[PDB]
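Results of the structural survey
Spelled out, the chains give:
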Amino acid sequence: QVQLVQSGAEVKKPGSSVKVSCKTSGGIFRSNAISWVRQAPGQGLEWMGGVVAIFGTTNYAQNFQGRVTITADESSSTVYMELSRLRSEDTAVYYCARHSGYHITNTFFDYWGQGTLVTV
Amino acid sequence: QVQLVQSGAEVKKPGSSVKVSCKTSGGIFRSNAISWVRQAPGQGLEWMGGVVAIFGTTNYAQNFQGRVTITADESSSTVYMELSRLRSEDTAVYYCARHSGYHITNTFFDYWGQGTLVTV
Amino acid sequence: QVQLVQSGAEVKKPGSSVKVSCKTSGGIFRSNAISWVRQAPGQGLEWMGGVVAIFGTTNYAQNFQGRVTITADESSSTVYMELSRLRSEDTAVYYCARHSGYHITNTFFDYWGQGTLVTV
Amino acid sequence: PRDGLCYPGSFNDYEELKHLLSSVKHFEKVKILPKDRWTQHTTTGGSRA
Amino acid sequence: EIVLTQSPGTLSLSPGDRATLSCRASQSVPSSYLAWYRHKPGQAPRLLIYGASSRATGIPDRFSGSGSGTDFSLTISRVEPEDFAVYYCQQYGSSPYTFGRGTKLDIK
Amino acid sequence: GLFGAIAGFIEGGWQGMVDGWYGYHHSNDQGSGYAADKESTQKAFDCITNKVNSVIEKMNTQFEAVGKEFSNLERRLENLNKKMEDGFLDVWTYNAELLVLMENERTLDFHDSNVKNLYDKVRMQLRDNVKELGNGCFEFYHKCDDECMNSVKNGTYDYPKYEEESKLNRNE
Amino acid sequence: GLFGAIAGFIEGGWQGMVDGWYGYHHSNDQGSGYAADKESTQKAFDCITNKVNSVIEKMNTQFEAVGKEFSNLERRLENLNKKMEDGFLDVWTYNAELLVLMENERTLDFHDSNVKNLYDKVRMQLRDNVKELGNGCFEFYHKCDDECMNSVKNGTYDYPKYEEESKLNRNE
Amino acid sequence: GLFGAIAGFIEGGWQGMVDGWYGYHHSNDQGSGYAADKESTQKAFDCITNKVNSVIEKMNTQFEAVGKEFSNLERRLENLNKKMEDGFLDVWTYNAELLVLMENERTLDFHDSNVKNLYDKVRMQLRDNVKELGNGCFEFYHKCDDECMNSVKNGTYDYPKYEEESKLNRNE
Ligand SMILES: *[C@@H]1O[C@H](CO)[C@@H](O)[C@H](O)[C@H]1NC(C)=O
Ligand SMILES: *[C@@H]1O[C@H](CO)[C@@H](O)[C@H](O)[C@H]1NC(C)=O
Ligand SMILES: *[C@@H]1O[C@H](CO)[C@@H](O)[C@H](O)[C@H]1NC(C)=O
């Protein structure tokens with residue numbers, strides 16, 4: 001019985017930023033790494049980045065380095081993703097996926113968020 | 001305060017088998033090995049065999065190998081003896097003796113059962 | 001919140017003994033070494049001796065060896081000092097000091113007793 | 001509470017009644033004995049209290 | 001960066017037909033780290049198989065898969081009305097964490 | 001594995017150890033076989049026997065519930081009696097569950113310590129005359145027959161006897 | 001330091017170890033750097049996740065206080081209710097406080113054990129080809145490149161491969 | 001013997017240790033004698049001093065019994081009061097006995113750990129210049145006078161100083 005709740009759908013304009021949250025329940029503190037995977041309509045799923053459970057180490061895909069900032073607060077067990085410098089073809093559905101372990105590497109996505117639709 | 005209760009007296013005929021039980025109290029599970037020794041009237045005590053406490057390993061005297069079968073159930077903490085192929089001079093009083101340790105070897109009989117008289 | 005209570009003031013005569021106690025509170029059993037130091041008016045403080053916390057080993061200053069006997073009881077957590085063969089210039093104020101550790105060596109006096117005045 | 005029994009008096013099993021309300025969420029007042037039925041008596045009695 | 005090529009693309013079937021989905025990798029996936037997901041539109045994707053040989057908890061027995069090296073496959077012995085969605089394969093043995101093309105199953 | 005013996009550097013149990021928790025396996029020219037450590041097993045049986053007997057005695061004086069009847073005008077008394085019994089049964093249920101969880105952690109860790117102690121007992125007695133393979137096994141630098149193997153099992157190894165022979169083979 | 005690893009023969013932690021509780025540091029000709037031991041860290045995360053979850057479930061059915069009203073002639077009844085609620089809260093306060101203190105001792109000691117097991121795992125794997133400096137570090141008698149270091153980290157050291165080279169350097 | 005030091009590879013205590021829990025015994029040309037380890041003993045004193053103080057504070061808020069009188073028509077109320085006071089006393093009696101039993105096991109095991117740590121600290125400091133006899137005593141391959149012994153006791157052994165001398169006697 002573990003569920004991930006995300007923010008609502010958002011509409012933005014090129015040049016602005018987005019702040020998508022993903023709060024995880026089922027425990028006092030987050031013990032599984034959370035990653036962000038997006039799906040642009042007409043395109044396949046892409047891996048953006050992830051954050052380690054307790055230590056907060058972040059890994060980003062080379063495509064999105066310098067444009068994505070993933071942060072988490074240990075107090076609220078929430079994970080935030082900040083995509084800056086919005087441009088064309090950034091419209092996609094963003095899911096937050098929970099890894100099978102505490103680290104990004106060698107772990108698969110146990111559960112997925114319901115998804116947020118962001119339009120630019 | 002440890003007592004061993006055995007079955008009642010039995011009468012048998014040559015060619016039949018005998019089932020003598022010995023229930024041990026004083027704890028949830030049996031922790032000491034239990035052996036069987038018999039005394040034929042006019043003859044001294046003879047050692048028949050024994051069973052290890054938890055692992056159930058059984059040792060039998062060379063005289064009675066192939067005729068005696070000692071089994072125990074961990075659920076009820078009971079030890080049974082099955083002497084088959086009854087013949088003459090098998091009339092004796094059978095006692096169940098509790099060893100000082102979990103194993104038969106290098107252990108002495110702390111307590112003895114009241115005894116059961118079996119005649120053929 | 002640790003306090004040391006001593007005996008009352010005493011008057012004696014040369015040739016007699018003095019029996020000064022020091023009860024330590026703050027715990028069930030004494031865990032810190034207790035030492036005795038005296039101050040004769042017009043003279044500075046002098047170290048007399050001490051006793052280890054649990055093992056009861058005692059150390060004495062070379063000046064007072066053979067005349068002072070420090071004993072403690074583990075049941076009541078009380079420390080006693082017995083100075084015998086009283087003579088002139090033995091008038092002083094005696095304090096019981098609690099060490100920072102269980103042993104006399106390499107420890108400083110955390111707390112001091114209020115003091116007892118003894119006259120000869 | 002300042003406003004309890006305006007007329008001095010008591011309330012039998014008052015604490016028991018307050019325990020009953022701890023498991024009750026709503027009252028629907030029902031007029032069981034209308035005041036107009038007491039035609040043989042005066043019902044306008046009041047007090048300064 | 002491992003690119004995953006899903007061959008069938010579109011596979012129209014009826015309840016009862018055997019469904020076999022093939023996932024191909026440009027280079028060998030280390031330690032056979034590959035997973036399969038069921039993504040019905042409008043719903044969060046669900047994990048079916050992880051490790052290419054281990055079934056996820058709560059998954060019905062009809063879902064199973066096998067493979068090694070650059071060749072992996074998902075097999076559904078019996079198709080149910082709820083087995084019509086898009087199926088993806090990812091590799092999680094490499095840093096980029098790439099994803100498969102996806103294959104939609106249609107109703108004949 | 002708090003002590004690193006069970007599922008640690010000894011990664012597998014033995015199905016041939018049928019007469020004891022702990023034991024030895026030897027292999028030389030004469031033959032090979034298993035042998036349980038009866039002394040260490042007996043000590044383990046003593047703790048478990050006392051540990052269980054401790055559990056029974058402590059909850060022997062547990063709260064007992066008695067049924068009572070109260071009228072419709074005694075709701076506060078009836079509720080008060082109900083919460084007393086429910087509260088006591090919750091306290092003792094917590095104690096029973098917690099004691100079992102805590103003792104299971106101790107019992108499994110206690111068994112882990114016995115193997116590490118038994119492994120160290122052999123190692124500190126065969127200081128140099130054997131080679132430590134790191135998988136719970138020792139390989140002798142000399143010839144250790146059944147009489148020599150039995151000495152290791154009962155803690156009577158004669159290190160000076162094989163001291164000279166072992167170093168000749170160890171060096172070359 | 002129940003197991004002597006944390007604040008024992010390893011007297012200082014690592015600030016550059018940012019992706020795991022426990023792990024290794026190496027330094028050779030090619031370079032140097034840290035590497036967290038993910039497997040040991042994941043196992044540690046499992047106990048702490050379960051330990052906290054077990055804590056919540058045990059005090060899930062804790063006694064609950066309900067307000068009540070008693071008249072001035074029910075002083076004895078009111079005192080019973082007051083002493084029952086205060087007594088139950090005192091019992092559950094003690095259990096909650098004690099469980100946290102006991103688990104903190106267990107958690108800190110559990111973390112201490114994992115380093116000792118990790119240190120011993122490497123030591124038993126590099127039996128003779130390294131020097132045990134005694135400060136948590138091993139010095140190789142041979143050349144151990146990144147491929148050799150990575151084998152030590154994941155428990156696949158080839159001792160026979162470097163057995164001959166190490167002893168030539170060790171002897172002289 | 002959870003850590004195998006007390007009554008383990010060290011079979012008996014020392015009656016000559018009068019100024020500390022733990023210590024050393026040395027014997028060389030100059031003489032022999034005992035010496036207590038004040039630092040390790042002081043750490044043990046702190047844990048025990050805090051262990052008892054924590055025990056007192058927890059049962060400081062233990063349930064208190066107050067006498068009450070009930071008439072002969074209040075049997076249900078009298079029985080309710082009797083079972084509450086008896087029930088609370090049983091709960092707190094169980095806690096007091098259990099805390100003493102578990103702390104005694106922890107204290108004895110804590111004392112067992114300190115010797116194993118003290119034994120390992122010296123062993124990891126005299127890595128190769130001594131023999132490990134297996135009975136808690138180390139025999140030096142070189143000459144270790146009083147100044148050399150005192151360095152071992154306070155953890156300042158100069159291994160490189162005696163490194164050359166020790167290997168000459170060890171080899172032959
Ligand atoms: C240990 O076993 C050996 C068998 O070689 C025997 O000679 C020795 O007496 C035994 N020691 C003890 C104490 O029984
Ligand atoms: C351990 O790492 C080495 C790299 O030096 C690699 O060759 C080996 O396959 C690894 N072992 C396992 C079991 O992954
Ligand atoms: C340890 O003892 C030796 C005595 O040989 C002394 O020289 C040294 O200064 C001592 N070290 C410390 C830190 O006190």
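For the structure, check the block above.
Residues numbered from 1 in each chain as written, not as in the entry; some residues may be left out. Chains lettered and ligands numbered in written order. Part of a larger assembly, values for the part shown. Heavy atoms only, no water.

1. Brief notes about the overall build of chain E
Spelled out, the test is: Numbered from the N terminus, helices here are DSSP runs of H or I no shorter than four residues, and strands are runs of E no shorter than two. Restricting the calculation to C-alpha atoms gives the radius of gyration, and the globule rule supplies 2.2 Å times the number of residues raised to the power 0.38. With a 1.4 Å probe rolled over the protein chains alone, any residue whose accessible area is under 20% of its type maximum counts as buried; one over 50% counts as exposed, and the rest are partly exposed.
For chain E, the count of helices and strands is zero helices and 10 strands. Against the globule reference of 13 Å for 108 residues, chain E gives a C-alpha radius of gyration of 13 Å, in line with a compact fold. Dimensions of chain E along its principal axes, counting C-alpha atoms only, are 35 × 25 × 25 Å. Among the 108 residues that make up chain E, the fraction classed as buried is 44%.

2. Re the site of ligand 1
Residues and elements named next belong to chain F. Definition in use: Whether a residue is near a molecule or strand depends on its heavy atoms: if one lies within 4 Å, it is near. Residues adjacent in sequence count toward polar contacts only when both atoms are side-chain atoms; beyond that, a polar contact is any pair of N or O atoms within 3.5 Å, and within protein one must be able to donate a hydrogen and the other to accept it. Throughout, the Shrake-Rupley method with a 1.4 Å probe supplies accessible areas, and for residues the shown protein chains are the sole cover considered. Polar here means any residue other than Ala, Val, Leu, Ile, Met, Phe, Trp, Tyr, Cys and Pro, which are nonpolar, and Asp, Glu, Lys and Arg, which are charged; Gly is therefore polar.
Close contacts around ligand 1 come from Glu147, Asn150, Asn154 and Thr156, and that covers them all. Contact distances for ligand 1 include 2.8 Å between an oxygen atom and a side-chain N or O atom of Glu147. Coverage of ligand 1 by the protein chains reaches 41% of its 370 Å² of free accessible surface. Split into classes, the residues belonging to the shell around ligand 1 amount to no nonpolar, three polar and one charged.

3. Brief notes about the site of ligand 3
All names here are of chain H. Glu147, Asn150, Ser151, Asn154 and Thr156 make up every residue found near ligand 3. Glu147 is positioned such that a nitrogen or oxygen atom in its backbone is 2.8 Å from an oxygen atom of ligand 3. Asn154 is positioned such that a nitrogen or oxygen atom in its side chain is 2.4 Å from an oxygen atom of ligand 3. Expressed as a share of its isolated accessible area of 360 Å², the protein-covered part of ligand 3 is 40%. Here the residues of the shell around ligand 3 are counted per class, giving no nonpolar, four polar and one charged.

4. A short note on the relation of the copies chain F and chain H
To be explicit about the condition: The fitting set for superposing the copies is their C-alpha atoms, and the method is least squares.
Of the two same-sequence chains, chain F is brought onto chain H (RMSD 0.1 Å, axial shift 0.0 Å) by a rotation of 120 degrees. With respect to symmetry, the two chain copies, as superposed, fit the operation of a three-fold axis. Considering only C-alpha atoms, the part of chain F nearest the rotation axis is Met84 of chain F, at 4.2 Å.

5. Section: the environment of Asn150 of chain H
All names here are of chain H. In this fold, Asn150 is placed in helix 3 (residues 146–153). What makes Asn150 partly exposed here is its relative accessible area of 47%. Sequence spacing of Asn150 and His26 is 124 residues, and the spatial spacing of their C-alpha atoms is 9.6 Å.

6. Description of the environment of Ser94 of chain E
All names here are of chain E. Let me state the cut-off plainly: Residue contacts are counted whenever heavy atoms from the two residues lie within 4.5 Å of one another.
Mapped onto the elements of the fold, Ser94 is located in the loop between strand 9 (86–91) and strand 10 (103–107). Linking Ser94 and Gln43, residues 51 residues apart in sequence, is a C-alpha distance of 27 Å. Setting aside chain neighbours within four positions, we find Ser94 in contact with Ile2 and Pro30.

7. A word on a nonpolar patch on the surface
Heads up, the rule is: Within the patch definition used here, like charges are joined within 9 Å and nonpolar side chains (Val, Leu, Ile, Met, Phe, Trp, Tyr) within 5 Å, considering only residues with over 30% relative accessible area and no salt bridge. Throughout this description, the term salt bridge denotes a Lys or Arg side-chain nitrogen within 4 Å of a carboxyl oxygen of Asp or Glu.
A cluster of nonpolar side chains, contributed by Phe11, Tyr14, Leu17, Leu20, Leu21, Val24 and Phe27 of chain D, occupies part of the molecular surface with about 640 Å² of accessible area. Along the chain, the position of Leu17 of chain D falls in helix 1 (residues 14–20).

8. Here we look at the packing of helix 1 (residues 38–58) of chain G against helix 2 (residues 75–123) of chain G
Residue and element names in this part refer to chain G. Quick note on the threshold: Angles here are taken between N-to-C directions and fall from 0 to 180 degrees, while the axes themselves are lines fitted to C-alpha atoms, restricted in helices to the stretch in contact. By the definition adopted for this analysis, an angle is roughly parallel if under 35 degrees, roughly antiparallel if over 145, roughly perpendicular if from 65 to 115, and oblique otherwise.
Across the interface, helix 1 lies against helix 2 with an axial gap of 11 Å and an inter-helix angle of 170 degrees. The angle between helix 1 and helix 2 falls in the class roughly antiparallel. Between helix 1, through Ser40, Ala44, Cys47, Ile48, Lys51 and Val55, and helix 2, the contact on the second element is made entirely by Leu99, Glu103, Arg106, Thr107, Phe110, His111, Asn114 and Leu118. Tallied by class, residues from the contact of helix 1 with helix 2 come to seven nonpolar, four polar and three charged.

9. Focus: the interface of chain F and chain H
Defined as follows: Defined here as a combined quantity, buried area equals the accessible surface (1.4 Å probe) lost by two parts on assembly, summed across both.
At the junction of the two partners, chain F supplies 29 residues and chain H supplies 26 residues. The junction of chain F with chain H conceals about 2400 Å² of combined surface from both sides, 66% of it contributed by carbon and sulfur atoms. Counting across the interface, chain F meets chain H through two salt bridges. Measuring nitrogen to oxygen at the nearest pair gives 3.0 Å for the salt bridge that ties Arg76 of chain H to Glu74 of chain F. Run the count over chain F and chain H and you get seven residue pairs in polar contact.

10. What to know about the packing of aromatic side chains
Note the following rule: Aromatic rings from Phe, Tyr and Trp, taking only the six-membered ring of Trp, are treated as a pair when their centres fall within 6.5 Å; an angle between ring planes under 30 degrees marks them as stacked, one over 60 as edge-to-face, and anything in between as tilted.
According to the stated counting rule, one finds 54 aromatic pairs over all chains in the structure shown. Between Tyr102 of chain A and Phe45 of chain G the ring centres are 4.9 Å apart and the planes differ by 15 degrees, which places this aromatic pair in the stacked class. Separated into two different chains, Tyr102 of chain A in the loop between strand 9 (92–99) and strand 10 (109–112) and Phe45 of chain G in helix 1 make up a pair that spans both. The pair formed by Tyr102 of chain A and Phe45 of chain G is uniform in burial state, with each residue classed as buried.

11. Focus on the pattern of salt bridges
In this structure the tally under the stated criterion is 42 salt bridges over all chains. Of the charged contacts, one joins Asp90 of chain B and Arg67 of chain B as a salt bridge, the two residues approaching to 3.2 Å between their closest N and O atoms. You can see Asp90 of chain B sitting in the loop between strand 8 (78–83) and strand 9 (92–99) and its partner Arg67 of chain B sitting in the loop between strand 6 (58–60) and strand 7 (68–73), a full 23 residues away along the chain. As far as the burial class goes, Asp90 of chain B and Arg67 of chain B line up, both buried. With its nearest N and O atoms 3.1 Å apart, the salt bridge here joins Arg76 of chain F to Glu16 of chain D. Taken together, the positions of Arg76 of chain F in helix 2 (residues 75–125) and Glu16 of chain D in helix 1 put the pair across two chains. Using a relative accessible area of 8% as the deciding quantity, one classes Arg76 of chain F as buried. Each of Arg38, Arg67 and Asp90 of chain B takes part in a single network of salt bridges with overlapping partners.

On their own, these measurements won't tell you what the molecule is for.
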